[PDB]
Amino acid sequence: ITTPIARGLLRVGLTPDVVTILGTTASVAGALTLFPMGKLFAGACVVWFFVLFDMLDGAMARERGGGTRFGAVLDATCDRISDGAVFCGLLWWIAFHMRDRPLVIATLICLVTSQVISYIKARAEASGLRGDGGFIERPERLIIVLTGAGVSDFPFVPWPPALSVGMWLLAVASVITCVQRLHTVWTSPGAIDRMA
């Protein structure tokens, strides 16, 4: 399915980089429009939709002979922007409509740790070390927070506490992941040799 769509996009002169940006813009607009209004199930559906959309830029890149280093950096940077918009959008609902200050704390931990978890991996690789793995990578992050948000606002059978359950589980697991990833850095070949 993605292959004929990708080819059709290449055919009209779109590039993987433009499609990356367009999908990210749409996801961000969706998260920042729907979550602050309390439309958490709709917001989660829109975010998941653009997760699916995100299969197209990689498919486009493979078809035309390969991805680029800029494309990889752009794609990963857009992932951070997207994650940020999800948590900021939810934060707005939680802070100003639910007025739930403990949940704001969990949400802010999730927001910062999402960025920090990804940063450890990139910064480690920039030094020739490893810094991947751990409990929470981007797929687990999105499954947890979007399922919490979606269930909390689910049609006909909503369970509002689901939003808090997801955010607190994610916050704890994300802090642990930071420590795990730093431990992976520390054990990498060459990580602790002094360089004058």
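Start at 1 and count along the sequence shown; that's the residue number.
For the two regions 89-97 and 70-78, the entry's Cα B-factors average higher over 70-78.
Here the stretch with the larger average CA B-factor, out of 56-64 and 28-36, is 56-64. Among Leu129, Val165, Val145, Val51, the highest C-alpha B-factor in the deposited entry belongs to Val51. Residue-level temperature factors show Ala42 in the middle third of its chain, judged at the C-alpha atom. Residue-level temperature factors show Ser174 in the lowest third of its chain, judged at the C-alpha atom. Annotation for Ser114: C-alpha temperature factor in the highest third relative to the rest of the modelled chain, per the entry. The entry lists a Cα temperature factor for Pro160 that places it in the middle third of the chain's modelled residues.
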